[PDB]
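FYI, side chains are in, hydrogens and waters are out, and symmetry mates aren't considered; it's all heavy atoms of this structure. Both counts, for ligands and for their atoms, begin at 1 and track the order of listing. Reminder, nothing fancy here: chain letters follow the sequence lines and each chain counts from 1.
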Amino acid sequence: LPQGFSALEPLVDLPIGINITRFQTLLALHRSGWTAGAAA
Amino acid sequence: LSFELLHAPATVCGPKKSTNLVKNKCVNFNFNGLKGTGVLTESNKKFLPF
Ligand SMILES: *[C@@H]1O[C@H](CO)[C@@H](O)[C@H](O)[C@H]1NC(C)=O
């Protein structure tokens with residue numbers, strides 16, 4: 001990770017009211033198997 | 001028309017009348033629940049959007 005300072009401005013505020021304990025991410029893939037770009 | 005009262009922020013509130021603003025004179029004002037008193041003047045502060 002880069003060394004520096006940058007504050008995070010607010011973007012989204014949703015009135016849902018759910019528990020949320022677990023979470024997963026998603027990513028986009030393309031068939032050639034499949035080739036995925038280098039990312040972290 | 002049935003109104004349900006649940007443990008929610010209750011987004012459906014309704015309208016509220018507004019009046020014209022006056023400057024350069026002491027006045028009591030309400031700004032969306034911010035109640036105050038004083039004189040309003042054109043400002044210079046660079047309020048970033050949010
Ligand atoms: C949220 O989920 C956790 C994990 O299952 C659980 O222990 C907790 O009681 C839940 N909170 C609720 C349902 O308000």
Side-chain angles (χ1 to χ4, degrees):
Chain A
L1 274 173
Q3 297 151 66
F5 197 88
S6 83
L8 266 62
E9 292 128 301
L11 174 63
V12 176
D13 198 345
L14 300 198
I16 323 192
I18 56 200
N19 191 19
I20 298 178
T21 297
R22 317 159 33 63
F23 91 99
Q24 330 199 132
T25 164
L26 302 170
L27 72 157
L29 306 166
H30 187 200
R31 305 283 165 167
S32 297
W34 34 264
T35 310
Chain B
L1 300 164
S2 315
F3 317 133
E4 207 173 27
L5 222 48
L6 318 152
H7 291 91
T11 64
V12 193
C13 290
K16 190 148 193 312
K17 311 168 308 308
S18 287
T19 91
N20 198 0
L21 87 163
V22 279
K23 303 173 188 176
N24 304 104
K25 198 194 319 296
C26 181
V27 50
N28 27 355
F29 49 81
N30 194 323
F31 257 108
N32 267 92
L34 198 144
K35 295 180 76 74
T37 311
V39 182
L40 320 181
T41 295
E42 287 297 326
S43 73
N44 198 149
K45 316 273 189 60
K46 294 308 191 87
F47 275 49
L48 71 92
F50 82 92

Colleague: State, to 0.1 Å, how close B:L40 and B:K23 come at their nearest heavy-atom pair, and which atoms those are.
Modeller: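 For B:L40 versus B:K23, the nearest heavy atoms are O-CB, 3.4 Å.
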
Colleague: Which residue holds the protein heavy atom closest to atom 9 (O) of ligand 1, what is that atom called, and what is the gap in Å?
Modeller: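 Going atom by atom, the protein heavy atom closest to atom 9 (O) of ligand 1 ends up being A:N19 ND2, 4.8 Å.
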
Colleague: Would you confirm whether any non-hydrogen atom of the protein falls under 4.0 Å from atom 11 (N) of ligand 1?
Modeller: yes

Colleague: Taking all heavy atoms of A:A36 and all of A:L29, pick out the closest pair and write down the distance.
Modeller: CB-CD2, 4.1 Å

Colleague: Working to the nearest 0.5 Å, report the span between CG of B:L48 and CD of A:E9.
Modeller: 6.0 Å

Colleague: Inspect the surroundings of CG in A:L11 and state if more than 12 heavy atoms from other residues, nucleotides or ligands are less than 6.0 Å away.
Modeller: no

Colleague: Any protein heavy-atom neighbour for atom 2 (O) of ligand 1 (distance below 4.0 angstrom)?
Modeller: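 Looking at atom 2 (O) of ligand 1, one finds that a protein heavy atom does lie closer than 4.0 Å.
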
Colleague: Looking only at protein heavy atoms, which one is nearest to atom 5 (O) of ligand 1, and what is the separation?
Modeller: A:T21 OG1, 4.7 Å

